[PDB]
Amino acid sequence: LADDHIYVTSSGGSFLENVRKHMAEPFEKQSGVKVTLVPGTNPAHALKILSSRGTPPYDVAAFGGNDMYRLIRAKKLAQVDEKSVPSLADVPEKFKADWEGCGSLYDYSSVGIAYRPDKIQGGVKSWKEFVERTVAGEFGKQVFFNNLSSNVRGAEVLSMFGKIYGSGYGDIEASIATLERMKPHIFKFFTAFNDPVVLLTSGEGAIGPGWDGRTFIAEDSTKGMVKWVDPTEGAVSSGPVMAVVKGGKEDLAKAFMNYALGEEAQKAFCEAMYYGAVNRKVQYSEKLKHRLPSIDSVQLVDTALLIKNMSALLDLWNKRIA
């Protein structure tokens, strides 16, 4: 009994409350295994796990991709597969690809194009249309864009530009060159996740990159004043990673991970948070069914690639953008 207790990292606020409500609590009920969610930042959790000697403080590593990649590089995560974590069979490979058989994204949020229909009737259908219409001056100077230095998925959006206009996600010249074309029409490089909704709803901005869930919430509360585009090339999606910590209570941890990635918990958590589920079995309520981008369509950029190119990308940015 005393040993049937696992520790699982988490962040804070609404995310953590919803992990508790939709993953930790239901699991405890079905398994009899107590779950403690430990609030903290990505870097702090990772360093703590990195630094650990003997019995690890945490059994399940659940946090951001950048810092999780640290634990991957340092061999701190246990191997998992469809034998040990059956739910992994229902998770498409792209959500697992970066983690060397030791992890999976456990939700995804998606950057698409958010806009005001009263400024842009019918909006746009693609990143390419967004770019070319911006450059043609059709939106005036009412476009906003992710600030690269602000950790608001700027690198990710630019990667899509590299792919559409260049040789792929790693073509930072093409990425920067695209944005450089748009620069005259951009009035704000935003620095927070909530910025697209505020810029749009205040009337200051007409269009720019925004998150599906966040925009859906605004669309609902505002009776359609803002809308989100699932771009034809695909939305660019990211999410937190879940992994079993080597040397922890690995069997209980795998059991929790199996539940968290399972259809029931994925649906409950993702519906509550307006996120996309990484389990392909999940079927959505009417609130999301028609607008959440398809699990098969969303694009994920290689974590290792983003980390490797960040310095050069920033340099080019500082040279040609800011």
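One rule holds for the numbers: they count along the sequence shown, beginning at 1.
Chemist: Look up the CA B-factors in the entry and say which stretch, 19-27 or 306-314, has the higher mean.
Modeler: Looking at the recorded C-alpha B-factors, 306-314 comes out higher on average.
Chemist: Quick one: higher average CA temperature factor, 68-76 or 195-203?
Modeler: Looking at the record's C-alpha B-factors, the answer is 68-76.
Chemist: Per the entry, which of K287, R280, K267, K254 tops the list for Cα B factor?
Modeler: So the option with the highest C-alpha B-factor is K287.
Chemist: Which one, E132, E233, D90, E173, has the peak C-alpha temperature factor per the PDB entry?
Modeler: Across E132, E233, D90, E173, the entry lists the biggest C-alpha B-factor for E173.
Chemist: State the tercile, meaning the lowest, middle or highest third, of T178 with respect to the CA B-factors recorded for its chain.
Modeler: According to the entry, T178 has a C-alpha B-factor in the chain's middle third.
Chemist: Where does the C-alpha B-factor of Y58 rank in its chain, lowest, middle or highest third?
Modeler: Within its chain, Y58 is a highest-third residue by C-alpha B-factor, going by the deposited values.
Chemist: Where does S14 sit by CA temperature factor within its chain: lowest, middle or highest third?
Modeler: Answer is highest: the recorded C-alpha B-factor places it there.
Chemist: Hey, what third does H185 fall into on Cα B-factor, ranked over its chain?
Modeler: As the PDB entry reports it, the C-alpha B-factor of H185 lands in the middle third of its chain.
Chemist: Taking the C-alpha B-factors as the PDB entry records them, is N258 in the lowest, middle or highest third of its chain?
Modeler: Answer is lowest: the recorded C-alpha B-factor places it there.
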